[PDB]
Amino acid sequence: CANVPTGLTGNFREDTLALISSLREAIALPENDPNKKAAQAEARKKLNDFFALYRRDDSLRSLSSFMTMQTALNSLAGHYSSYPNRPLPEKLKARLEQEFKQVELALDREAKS
Amino acid sequence: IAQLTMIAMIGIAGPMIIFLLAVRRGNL
Amino acid sequence: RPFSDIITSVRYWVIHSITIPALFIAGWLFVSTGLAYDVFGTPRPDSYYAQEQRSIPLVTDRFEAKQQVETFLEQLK
Amino acid sequence: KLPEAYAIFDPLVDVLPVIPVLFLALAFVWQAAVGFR
Amino acid sequence: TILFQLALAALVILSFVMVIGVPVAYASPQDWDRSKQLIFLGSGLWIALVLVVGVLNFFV
Amino acid sequence: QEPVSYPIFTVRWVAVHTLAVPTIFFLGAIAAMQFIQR
Amino acid sequence: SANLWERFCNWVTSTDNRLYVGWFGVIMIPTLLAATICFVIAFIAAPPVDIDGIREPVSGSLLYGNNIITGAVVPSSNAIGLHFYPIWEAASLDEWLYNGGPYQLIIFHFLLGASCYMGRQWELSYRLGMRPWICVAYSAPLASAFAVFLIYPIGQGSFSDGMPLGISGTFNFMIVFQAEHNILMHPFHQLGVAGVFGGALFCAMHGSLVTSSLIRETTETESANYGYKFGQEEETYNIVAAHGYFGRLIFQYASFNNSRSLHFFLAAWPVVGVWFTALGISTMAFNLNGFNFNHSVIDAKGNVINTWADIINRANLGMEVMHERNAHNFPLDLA
Amino acid sequence: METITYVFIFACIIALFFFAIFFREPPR
Amino acid sequence: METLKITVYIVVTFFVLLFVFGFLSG
Amino acid sequence: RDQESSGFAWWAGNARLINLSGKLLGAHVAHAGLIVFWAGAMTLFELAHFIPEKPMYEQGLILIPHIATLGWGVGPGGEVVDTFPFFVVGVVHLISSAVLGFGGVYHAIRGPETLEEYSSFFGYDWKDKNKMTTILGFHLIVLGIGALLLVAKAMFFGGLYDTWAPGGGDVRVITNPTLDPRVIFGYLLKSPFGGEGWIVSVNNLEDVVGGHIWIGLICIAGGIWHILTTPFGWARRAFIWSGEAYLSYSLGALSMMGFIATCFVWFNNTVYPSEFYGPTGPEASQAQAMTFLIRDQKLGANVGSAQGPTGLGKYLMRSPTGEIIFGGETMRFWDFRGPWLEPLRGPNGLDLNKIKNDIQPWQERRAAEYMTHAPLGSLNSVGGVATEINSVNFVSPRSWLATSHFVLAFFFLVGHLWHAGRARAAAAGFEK
Ligand code: CLA
Ligand code: CLA
Ligand code: CLA
Ligand code: CLA
Ligand code: CLA
Ligand code: CLA
Ligand code: CLA
Ligand SMILES: CC1=C(/C=C/C(C)=C/C=C/C(C)=C/C=C/C=C(C)/C=C/C=C(C)/C=C/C2=C(C)CCCC2(C)C)C(C)(C)CCC1
Ligand SMILES: CC1=C(/C=C/C(C)=C/C=C/C(C)=C/C=C/C=C(C)/C=C/C=C(C)/C=C/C2=C(C)CCCC2(C)C)C(C)(C)CCC1
Ligand SMILES: CC1=C(/C=C/C(C)=C/C=C/C(C)=C/C=C/C=C(C)/C=C/C=C(C)/C=C/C2=C(C)CCCC2(C)C)C(C)(C)CCC1
Ligand SMILES: CC1=C(/C=C/C(C)=C/C=C/C(C)=C/C=C/C=C(C)/C=C/C=C(C)/C=C/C2=C(C)CCCC2(C)C)C(C)(C)CCC1
Ligand SMILES: [Cl-]
Ligand SMILES: [Fe+3]
Ligand SMILES: [Mn+2]
């Protein structure tokens, strides 16, 4: 029962894929725009409101998809807290990309299995 | 200093309250 | 005779409220003038060790015992 | 520390936490005052 | 400022005379009628005084 | 038991004075030891 | 028949039974009987129990070469921790014996049964209409057993930290415990020591005084029961050499002049004592250790002077390093 | 050798328990 | 090994239910 | 009256207040003033020795951590961002104690002895069922409202300090707890033994807030019931109905709440964050192993591809369920979960690859910092084991909390038996 009205739904895969594409495009955004500062506000709040709503379930810890995307959100957030007003290396953007691809593959391969 | 006076006063306020009552017969 | 009655009898007070402070002060001076250390042979706390020695004074013979202490004390151990 | 327009009260708070126990301590002297029951 | 220190000092010496004042005012059976008025106005003063030091806390 | 007249030396008298006088000397010793700086 | 339930309730609550079997007793016999049957089988013939989870075991059984003094029921493996580990959670019988299953069976049934013993006490004393407080005096060994078998393990994080059920096993537990927590300087353990020496001492005093004063005792007996006049003769004088020693120490400390304070005080002493140490063992379960002094005496040259506390710290260190196979890189530890 | 001796002595204690409960001396 | 699980549950509930019905049986 | 001849002494002077209802109200309300006074004084005293850049557990803070969890005075990262809110609560309690104390000294030196022949609405007796059920009903409704204050603080006045946010933990506003009772009442069907835990295994603030919603409303519901409903027949035959008995019944509950309070403070980590209290029991050890694994792997050779002189594991090993966990004396711990550890687990547990290249700064510094100050304590507040020298000082505030509340719980078990026997002896009577 009872999900937030911030975009989410009860079927994990859907709002997950949505959140993934949203923050992929968000970190793909140039830093010479003054909306980037604004972007980080909604990035941070949606990170928190997904993780805290979906951490609760015990089942999906026996999957690989959740466990890998968890690390991804964690590295993003950790750099956020580490330098608030300074963008991050694109080494970590490549790393973030890597595990988003493998999470997406894992969601799609667990959908049939 | 004027910051030891209260700790000194406070510390001696105990038996005053009862000695003033033994005179003013609010207890025997 | 209950102890309470002789303790608050005037005969007790007149002598004892003079002798009690004398004993307390005699003890206080036995320590404060440095004499307590010299009577019981207990070392001062800057002097358990000699300058030269880093080893403890230890007795090793019973009939030349006081001789060994007398020696250890001259070298300021 | 405390604010420093309340800072003179550094020694005051070094004794506040113990006035509760002194209330028990005052109780007994009230019984000593009335010579007991 | 001067007025804020005046308030905190005044409050603490006021509470300190009042802590002896209020129990004996109740305890004494002789002339309870006369004591009730002063403890009333003193209580009023004491809460007023904590308000003004609290409201001048935000400027100091 | 011991007569109320109580001459200066009494079995009770020595008993309470061989446990009074050294203790007031010794407590005065220990108290002085508290203010010795290490 | 009268329909077996009515017969059954009379049977249980009868006090004409040779051994009372109350409603606490109805839980007590199966639990205690299970505990003891498992214990004697395990003590004799339980194969060695791995206790550090590295595949190196310890033999506690008698058919594997122990005598009465070296044998034990070895506690549960360190891998298990505080998990509840019944036999249907294992997958074979041999691996349940290899991980130290039975020990948990024994202690769980033993604590249930020993609690029901206290209940059974209270119930019988209620039936005879007497002041029911034999049970609160028993609550001291019972409190102690909770502290040693259940609580100190929970506090440390494992049943591998429990007391073995054996003679030399207890000695091992005591020595290791002193090594890690310094129990001797814990004031509560000191209250415990005081309590049991004082109990033993007051037992000898009371017994000696009473058997010197008794003269002859007789109570009328019938061919089926006992009488109603309990005769008793005693001595009823004492001197003023047990008036400066016994009279004006006891009338002043008991807070009564009455004889009824003797037997109240006799039981109060060791019970309070064993509660205090039972409490103390639990506080070290959360690692609040006792006093220890290192470097409390230094001279004005800046050299350290030793004292007895430091010798005990050395001996404790000696025990404590010997207990630690696990690593040689350990700086500050437990739990 | 040793263990038989141990369990035999044990067995006669517990037998002695049984004897002390159900065959005590009638005190008359 | 599961028959063991059910036999302990069963025998245990039997003893516990007669003890609780006992205190209400006066 | 005011001298013996009621059956008690001067150490049972308190027992003279059983029938003196106004004086008894007086004693309680004055005592309540003392509790608030201590809160205010201790908090100010603790602030006065607090350094606002050194954590809240190597110094000996025990009550400002309680403020911090309500989101007052901490910003993201678990740090102090001004000490002024602590001051506000400190003096607020301190001044409210004055007026508590004023009403106390009034009702205990001047007020009416008997409140039954004043009014019948604050009158009571210990044998009149209707009054006492109404007092109980009022205390139930006000407690239920009090519980709903924490759902209010968590929703509207800026959330609570969430320990499970992914930055390292920070304040967050709860905008959705779970009211589906299958979670809330589900925790109470867990076994207390390891691998789960009883209700000391809860680990997100949503269950906390939602459970508070349920308990608040059910407590107000029962409070509405117990005014409009007098005790039933079976009830009135089950208990004794005397005035000291109610105190006994209360003491029996506070005994149990103590033991489970110790379990709460000692094990749980979500309603007792580890950045305001010290490291927990298990997590200290876990961090120590993890820091060592990193250290000896980045300099030296790997140790999670190499078995040691143990014959099972060296740094990583398999659980009794076949899961990769830390090895050593820390394989007794594998149920642990913490905000710094979970990003190093996979579905099977620890994966050494993740330990190599997914380390964030706060994880590793927090772990090495936790490792240094493992929970040890002593009565003289000397660090380490009670073999170590004065080179390190520390006691964990959790050790103190746990031990004191456990000791007092035992003593309340004694006192419960004492007042129980007193009640039973009085009510039976035997010659009555
Ligand atoms: C939490 C609630 C609580 C409440 C409200 C009560 C209420 C009551 N108890 Mg208590 N009691 C409790 C918990 C509680 N109990 C617990 C936890 C225990 C176990 C320790 C007891 C054990 C107890 C006993 C044994 C007795 C009472 C008695 C009483 C009643 C009579 C009045 C009286 O003298 O009380 C106030 C009690 C006293 C003034 C007794 C003081 C005794 C000493 C020696 C305490 C010194 C403690 C001190 C802090 C130590 C350091 C001092 C330092 C200067 C050295 C009373 C209304 C007495 C009674 O007659 O009951 C009907 C009686 O005999 N109680
Ligand atoms: C610590 C908590 C506590 C509390 C709240 C109480 C409260 C009470 N006790 Mg009790 N008592 C306690 C501890 C406590 N006691 C202890 C430790 C002992 C062992 C000594 C006793 C021994 C005892 C006896 C022997 C008797 C009581 C009686 C009473 C009650 C009747 C009032 C009375 O006779 O006052 C008379 C008191 C006075 C005339 C002076 C009181 C001074 C006041 C209120 C304040 C002092 C502090 C402070 C300056 C106030 C500042 C106020 C300001 C901030 C507003 C009262 C309700 C009595 C009773 O049963 O009455 C029927 C009785 O005779 N109690
Ligand atoms: C029961 C809850 C409780 C707990 C867990 C704590 C915990 C803490 N307090 Mg504390 N405190 C409490 C209640 C509590 N307090 C109360 C009710 C008072 C007021 C009377 C105080 C007064 C207080 C002061 C004055 C100070 C602390 C400080 C501290 C901290 C530092 C360690 C220390 O000196 O502790 C000491 C431990 C305690 C006071 C806890 C209880 C100690 C027991 C039960 C000792 C009883 C001894 C007994 C009478 C005689 C010897 C033993 C006997 C068996 C022979 C520690 C984190 C200190 C600090 O600076 O903090 C930053 C400090 O100086 N507290
Ligand atoms: C916590 C419990 C408590 C209880 C149950 C009582 C009970 C009582 N107090 Mg009180 N009192 C307390 C705490 C308590 N007091 C405290 C903490 C203080 C210090 C602030 C005082 C200070 C105090 C004084 C100074 C006086 C009383 C009086 C009264 C009594 C008269 C009845 C009356 O007029 O009541 C209702 C009270 C009023 C109409 C007067 C105040 C109205 C105010 C300002 C607040 C209303 C509060 C609340 C919203 C009412 C709830 C109603 C409910 C049915 C929903 C009554 C026996 C008076 C009395 O007659 O004593 C003999 C008196 O002179 N008390
Ligand atoms: C003999 C049984 C019994 C028990 C176990 C209790 C226990 C309790 N009473 Mg008490 N009481 C009893 C009989 C009993 N009472 C009787 C007959 C009277 C006269 C009517 C009283 C009068 C009384 C008074 C006057 C007061 C209490 C209060 C309290 C509680 C507060 C302690 C606390 O701080 O906890 C914190 C408290 C809670 C967490 C309570 C909420 C409990 C929850 C949410 C649900 C309860 C569920 C229940 C177990 C479900 C099963 C129901 C059953 C029919 C199947 C304590 C839980 C005090 C109070 O008001 O507390 C609010 C108070 O002032 N009781
Ligand atoms: C008319 C109903 C009524 C109400 C409202 C109260 C209310 C209260 N009584 Mg009570 N009482 C009543 C009838 C009632 N009583 C009767 C008939 C008697 C018999 C004469 C008593 C006898 C009695 C005694 C003997 C005691 C109380 C105590 C208490 C208070 C402590 C609870 C607390 O700390 O809350 C903290 C707050 C919450 C849990 C939530 C608050 C939420 C809201 C929105 C309300 C705020 C207003 C309210 C008046 C409380 C203000 C508290 C203040 C410190 C800020 C409390 C609010 C005890 C006490 O500690 O009083 C000081 C105590 O010892 N009462
Ligand atoms: C906290 C204060 C409080 C107090 C003192 C009372 C007092 C009382 N309630 Mg009450 N009640 C309360 C709050 C309270 N209520 C609330 C909030 C609710 C709503 C949830 C209820 C709902 C309620 C109902 C509906 C009724 C009562 C009844 C009763 C009365 C009879 C005695 C009784 O049955 O005890 C309660 C019963 C017991 C203590 C016995 C059963 C105990 C249980 C269920 C234990 C099970 C243990 C469990 C298996 C252990 C698991 C351990 C784990 C580790 C695994 C008593 C007067 C009856 C009455 O006469 O009311 C006027 C009645 O009709 N209660
Ligand atoms: C308000 C305020 C305040 C106030 C306070 C008060 C309230 C005061 C008072 C207080 C008090 C009120 C105190 C008291 C004291 C008391 C005492 C301290 C006493 C005790 C006792 C004792 C010590 C005992 C004794 C004895 C002897 C001696 C001998 C034999 C017997 C006996 C043991 C008994 C302050 C300041 C904080 C500030 C802020 C505010
Ligand atoms: C009578 C009665 C009762 C009771 C009640 C009560 C219990 C009350 C209480 C009350 C209270 C007890 C209240 C409170 C008070 C206090 C206050 C209200 C406070 C104030 C303060 C403030 C507000 C603050 C200030 C400040 C600031 C602002 C800043 C700076 C600092 C300072 C602190 C200065 C009842 C209802 C039950 C019943 C009926 C009757
Ligand atoms: C009955 C009785 C009793 C009891 C009593 C009691 C329990 C009382 C309480 C009382 C109380 C409970 C009191 C309180 C007090 C308090 C005060 C008096 C305070 C003052 C202060 C304030 C108000 C504040 C101020 C401030 C501010 C505002 C800011 C800045 C800082 C300061 C601190 C300056 C006894 C046992 C003794 C004896 C017998 C009888
Ligand atoms: C979900 C959740 C929550 C909640 C929880 C809850 C809801 C709890 C409750 C709890 C409780 C609420 C508990 C308790 C219960 C009760 C009981 C435990 C009872 C008991 C009783 C008894 C045991 C009885 C007995 C008897 C009989 C049978 C007969 C008559 C008499 C007598 C009374 C003796 C929280 C907030 C944590 C948060 C997280 C999540
Ligand atoms: Cl060993
Ligand atoms: Fe005897
Ligand atoms: Mn161990």
# chains A, B, ... in the order shown; residues from 1 in each chain; ligands from 1
$ residues_near_ligand --ligand "ligand 1" --cutoff "9 Å" --atoms "only C-alpha atoms and all ligand atoms" --output "number ranges by chain"
D: 21, 24-25; J: 8-18, 28, 244, 247-248, 250-251, 254, 408-419, 422-423
$ residues_around --residues "stretch 15-27 of chain F" --least-positions-apart "4" --cutoff "9 Å" --atoms "only C-alpha atoms" --output "ChimeraX atom specification"
/C:20-28 /F:10-11,31-32
$ write_last_selection --atoms "C-alpha atoms" --output "PDB file, in the first residue's frame"
ATOM      1  CA  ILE C  20      41.320  17.220  69.902  1.00  0.00           C
ATOM      2  CA  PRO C  21      42.752  20.051  67.701  1.00  0.00           C
ATOM      3  CA  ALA C  22      46.175  19.499  69.195  1.00  0.00           C
ATOM      4  CA  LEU C  23      46.165  15.881  68.018  1.00  0.00           C
ATOM      5  CA  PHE C  24      44.829  16.765  64.546  1.00  0.00           C
ATOM      6  CA  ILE C  25      47.482  19.501  64.135  1.00  0.00           C
ATOM      7  CA  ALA C  26      50.249  17.250  65.521  1.00  0.00           C
ATOM      8  CA  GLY C  27      49.420  14.742  62.796  1.00  0.00           C
ATOM      9  CA  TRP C  28      49.209  17.495  60.187  1.00  0.00           C
TER      10      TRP C  28
ATOM     11  CA  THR F  10      38.749   2.419  84.228  1.00  0.00           C
ATOM     12  CA  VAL F  11      38.746  -0.616  81.941  1.00  0.00           C
ATOM     13  CA  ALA F  31      44.444  14.726  55.477  1.00  0.00           C
ATOM     14  CA  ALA F  32      47.810  16.428  55.063  1.00  0.00           C
TER      15      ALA F  32
END
$ atom_distance --atom1 "atom 63 (C, counted along the ligand's line) of ligand 4" --atom2 "atom CA of residue J:2"
23.9 Å
$ residues_near_ligand --ligand "ligand 5" --cutoff "10 Å" --atoms "only C-alpha atoms and all ligand atoms" --output "NGL selection string"
:J and (126-144 or 147 or 212 or 214-223 or 226 or 230-231 or 235-236 or 238-243 or 245-254 or 257)
$ write_last_selection --atoms "C-alpha atoms" --output "mmCIF file, in the first residue's frame"
data_model
loop_
_atom_site.group_PDB
_atom_site.id
_atom_site.type_symbol
_atom_site.label_atom_id
_atom_site.label_comp_id
_atom_site.auth_asym_id
_atom_site.auth_seq_id
_atom_site.Cartn_x
_atom_site.Cartn_y
_atom_site.Cartn_z
ATOM 1 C CA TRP J 126 -8.594 3.326 45.577
ATOM 2 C CA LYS J 127 -11.826 1.358 45.747
ATOM 3 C CA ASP J 128 -14.054 3.517 43.443
ATOM 4 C CA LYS J 129 -13.677 1.961 40.002
ATOM 5 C CA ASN J 130 -15.321 4.795 38.059
ATOM 6 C CA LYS J 131 -12.967 7.598 39.062
ATOM 7 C CA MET J 132 -9.854 5.606 38.565
ATOM 8 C CA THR J 133 -10.859 4.367 35.126
ATOM 9 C CA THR J 134 -11.483 7.986 34.128
ATOM 10 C CA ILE J 135 -7.996 9.064 35.303
ATOM 11 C CA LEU J 136 -6.527 6.135 33.366
ATOM 12 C CA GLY J 137 -8.581 7.182 30.339
ATOM 13 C CA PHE J 138 -7.271 10.732 30.429
ATOM 14 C CA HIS J 139 -3.642 9.588 30.766
ATOM 15 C CA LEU J 140 -4.153 7.244 27.801
ATOM 16 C CA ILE J 141 -5.536 9.985 25.542
ATOM 17 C CA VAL J 142 -2.757 12.448 26.372
ATOM 18 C CA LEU J 143 -0.092 9.793 25.773
ATOM 19 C CA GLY J 144 -1.637 8.921 22.415
ATOM 20 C CA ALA J 147 3.003 9.833 20.318
ATOM 21 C CA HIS J 212 3.666 5.477 15.742
ATOM 22 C CA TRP J 214 -0.977 2.911 14.753
ATOM 23 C CA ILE J 215 0.020 3.170 18.430
ATOM 24 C CA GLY J 216 -1.143 6.754 18.759
ATOM 25 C CA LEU J 217 -4.607 6.086 17.384
ATOM 26 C CA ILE J 218 -5.061 2.808 19.248
ATOM 27 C CA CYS J 219 -4.015 4.460 22.494
ATOM 28 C CA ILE J 220 -6.547 7.266 22.008
ATOM 29 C CA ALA J 221 -9.158 4.624 21.072
ATOM 30 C CA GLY J 222 -8.532 2.689 24.290
ATOM 31 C CA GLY J 223 -8.578 5.998 26.131
ATOM 32 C CA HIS J 226 -11.947 3.477 29.348
ATOM 33 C CA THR J 230 -16.582 0.634 33.635
ATOM 34 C CA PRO J 231 -14.631 -2.558 34.507
ATOM 35 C CA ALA J 235 -11.895 -8.333 35.438
ATOM 36 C CA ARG J 236 -13.140 -7.357 38.861
ATOM 37 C CA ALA J 238 -9.260 -11.334 38.535
ATOM 38 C CA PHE J 239 -7.346 -8.537 40.321
ATOM 39 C CA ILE J 240 -6.991 -6.850 43.679
ATOM 40 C CA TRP J 241 -8.362 -3.278 43.663
ATOM 41 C CA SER J 242 -6.230 -1.336 46.115
ATOM 42 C CA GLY J 243 -4.101 1.739 45.720
ATOM 43 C CA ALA J 245 -1.522 -2.595 43.821
ATOM 44 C CA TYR J 246 -1.717 -0.200 40.857
ATOM 45 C CA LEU J 247 1.828 0.878 41.605
ATOM 46 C CA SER J 248 2.775 -2.828 41.674
ATOM 47 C CA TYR J 249 1.154 -3.451 38.283
ATOM 48 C CA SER J 250 3.081 -0.495 36.841
ATOM 49 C CA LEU J 251 6.366 -1.673 38.323
ATOM 50 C CA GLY J 252 6.009 -5.046 36.612
ATOM 51 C CA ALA J 253 5.826 -3.345 33.205
ATOM 52 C CA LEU J 254 8.736 -0.994 33.784
ATOM 53 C CA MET J 257 10.713 -2.176 29.356
#
$ interface_residues --of "chain J" --to "chain B" --cutoff "12 Å" --atoms "only C-alpha atoms" --output "compact mmCIF listing (two decimals) with N, CA and C atoms, in the first residue's frame"
# COMPACT_ATOMS: atom_id res chain seq x y z
N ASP J 2 0.76 13.57 62.27
CA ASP J 2 2.10 14.07 61.99
C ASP J 2 3.10 13.43 62.96
N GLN J 3 2.71 12.31 63.58
CA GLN J 3 3.54 11.55 64.50
C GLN J 3 3.10 10.09 64.40
N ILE J 109 2.53 21.89 51.00
CA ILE J 109 2.60 22.63 52.26
C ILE J 109 1.35 23.39 52.61
N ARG J 110 0.47 23.68 51.67
CA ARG J 110 -0.73 24.44 51.98
C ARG J 110 -2.03 23.77 51.54
$ select_by_dssp --residues "stretch 79-215 of chain G" --states "helix (DSSP H, G or I)" --output "PyMOL selection string"
chain G and resi 93-98+102-127+134-156+159-161+167-181+187-213
$ write_last_selection --atoms "C-alpha atoms" --output "CSV table (one decimal), in the first residue's frame"
chain,number,residue,atom,x,y,z
G,93,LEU,CA,22.9,-35.7,12.4
G,94,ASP,CA,26.7,-35.8,12.2
G,95,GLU,CA,27.0,-32.1,11.4
G,96,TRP,CA,24.7,-31.2,14.2
G,97,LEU,CA,27.1,-33.0,16.5
G,98,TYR,CA,30.1,-31.4,14.9
G,102,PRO,CA,23.2,-30.5,22.2
G,103,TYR,CA,24.7,-27.8,24.5
G,104,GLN,CA,21.9,-25.4,23.5
G,105,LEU,CA,19.3,-28.1,24.1
G,106,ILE,CA,20.5,-28.7,27.6
G,107,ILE,CA,20.8,-25.0,28.7
G,108,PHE,CA,17.4,-24.0,27.2
G,109,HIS,CA,15.5,-26.9,28.9
G,110,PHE,CA,17.6,-26.4,32.1
G,111,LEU,CA,16.6,-22.7,32.5
G,112,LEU,CA,12.9,-23.5,31.8
G,113,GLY,CA,12.9,-26.3,34.3
G,114,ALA,CA,14.8,-24.4,37.0
G,115,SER,CA,12.3,-21.5,36.6
G,116,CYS,CA,9.4,-23.9,37.0
G,117,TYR,CA,11.1,-25.2,40.2
G,118,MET,CA,10.7,-21.8,41.7
G,119,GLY,CA,7.1,-21.7,40.5
G,120,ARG,CA,6.4,-25.1,42.0
G,121,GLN,CA,7.9,-23.8,45.3
G,122,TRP,CA,5.6,-20.8,45.3
G,123,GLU,CA,2.5,-22.9,44.5
G,124,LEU,CA,3.0,-25.5,47.2
G,125,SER,CA,3.7,-22.9,49.8
G,126,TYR,CA,0.4,-21.2,48.7
G,127,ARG,CA,-1.5,-24.5,49.3
G,134,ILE,CA,11.2,-19.3,50.2
G,135,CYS,CA,11.0,-18.7,46.4
G,136,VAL,CA,12.5,-15.2,46.6
G,137,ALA,CA,15.5,-16.6,48.4
G,138,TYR,CA,16.0,-19.2,45.7
G,139,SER,CA,15.8,-16.4,43.1
G,140,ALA,CA,19.5,-15.6,43.7
G,141,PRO,CA,21.1,-18.8,42.2
G,142,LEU,CA,18.5,-18.5,39.5
G,143,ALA,CA,19.4,-14.9,38.8
G,144,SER,CA,23.0,-16.0,38.7
G,145,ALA,CA,22.4,-18.8,36.2
G,146,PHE,CA,20.6,-16.4,33.9
G,147,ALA,CA,23.6,-14.0,34.1
G,148,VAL,CA,26.2,-16.7,33.4
G,149,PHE,CA,24.5,-18.9,30.8
G,150,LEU,CA,22.2,-16.5,28.8
G,151,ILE,CA,23.1,-12.8,29.3
G,152,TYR,CA,26.9,-12.7,29.1
G,153,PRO,CA,26.8,-14.6,25.8
G,154,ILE,CA,24.2,-12.2,24.4
G,155,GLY,CA,26.2,-9.2,25.5
G,156,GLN,CA,29.4,-10.5,23.9
G,159,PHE,CA,27.1,-18.7,22.9
G,160,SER,CA,30.7,-19.6,22.2
G,161,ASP,CA,31.4,-17.3,25.1
G,167,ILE,CA,34.8,-29.3,35.9
G,168,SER,CA,38.0,-28.0,34.1
G,169,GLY,CA,35.7,-26.2,31.7
G,170,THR,CA,34.6,-23.9,34.5
G,171,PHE,CA,38.1,-23.2,35.5
G,172,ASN,CA,39.1,-22.3,31.9
G,173,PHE,CA,36.1,-19.9,31.7
G,174,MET,CA,37.0,-18.2,35.0
G,175,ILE,CA,40.7,-17.7,34.1
G,176,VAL,CA,39.9,-16.4,30.6
G,177,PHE,CA,37.2,-14.1,32.1
G,178,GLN,CA,39.7,-12.5,34.6
G,179,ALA,CA,42.1,-12.1,31.7
G,180,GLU,CA,39.6,-10.0,29.6
G,181,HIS,CA,37.6,-8.0,32.2
G,187,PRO,CA,33.3,-4.1,43.5
G,188,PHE,CA,30.3,-6.3,42.8
G,189,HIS,CA,32.3,-9.5,42.7
G,190,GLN,CA,33.8,-8.2,46.0
G,191,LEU,CA,30.3,-8.0,47.4
G,192,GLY,CA,29.7,-11.5,46.1
G,193,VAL,CA,32.8,-12.9,47.8
G,194,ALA,CA,31.9,-11.1,51.0
G,195,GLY,CA,28.4,-12.6,50.9
G,196,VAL,CA,29.4,-16.3,50.6
G,197,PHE,CA,32.2,-16.2,53.2
G,198,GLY,CA,29.9,-14.4,55.5
G,199,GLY,CA,27.2,-16.9,54.8
G,200,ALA,CA,29.5,-19.8,55.7
G,201,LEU,CA,30.7,-18.0,58.8
G,202,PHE,CA,27.2,-17.2,60.1
G,203,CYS,CA,26.2,-20.8,59.4
G,204,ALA,CA,28.9,-22.1,61.6
G,205,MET,CA,28.2,-19.5,64.3
G,206,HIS,CA,24.4,-20.1,64.3
G,207,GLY,CA,24.9,-23.9,64.4
G,208,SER,CA,27.5,-23.9,67.2
G,209,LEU,CA,25.4,-21.5,69.4
G,210,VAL,CA,22.2,-23.5,68.9
G,211,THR,CA,23.6,-26.9,69.6
G,212,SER,CA,25.2,-25.7,72.8
G,213,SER,CA,21.9,-24.4,74.1
$ atom_distance --atom1 "atom CA of residue J:406" --atom2 "atom CA of residue G:283"
8.2 Å
$ closest_atom_pairs --of "chain D" --to "ligand 3" --cutoff "9 Å" --atoms "only C-alpha atoms and all ligand atoms" --output "CSV"
residue,atom,partner,partner_atom_place_in_ligand_line,distance
D:14,CA,ligand 3,25 (C),8.1
D:15,CA,ligand 3,25 (C),8.0
D:16,CA,ligand 3,25 (C),8.8
D:17,CA,ligand 3,19 (C),5.2
D:18,CA,ligand 3,20 (C),5.0
D:19,CA,ligand 3,20 (C),7.7
D:20,CA,ligand 3,20 (C),6.5
D:21,CA,ligand 3,20 (C),5.9
$ residues_around --residues "residue J:407" --least-positions-apart "5" --cutoff "10 Å" --atoms "only C-alpha atoms" --output "VMD selection string"
(chain G and resid 276 279 to 280 282 to 283) or (chain J and resid 258 to 259 402 412)
$ interface_residues --of "chain G" --to "chain H" --cutoff "8 Å" --atoms "only C-alpha atoms" --output "PyMOL selection string"
chain G and resi 62-63+67-68+221-223
$ residues_around --residues "residue J:372" --least-positions-apart "5" --cutoff "9 Å" --atoms "only C-alpha atoms" --output "PyMOL selection string"
(chain G and resi 331-333) or (chain J and resi 284+288+367)
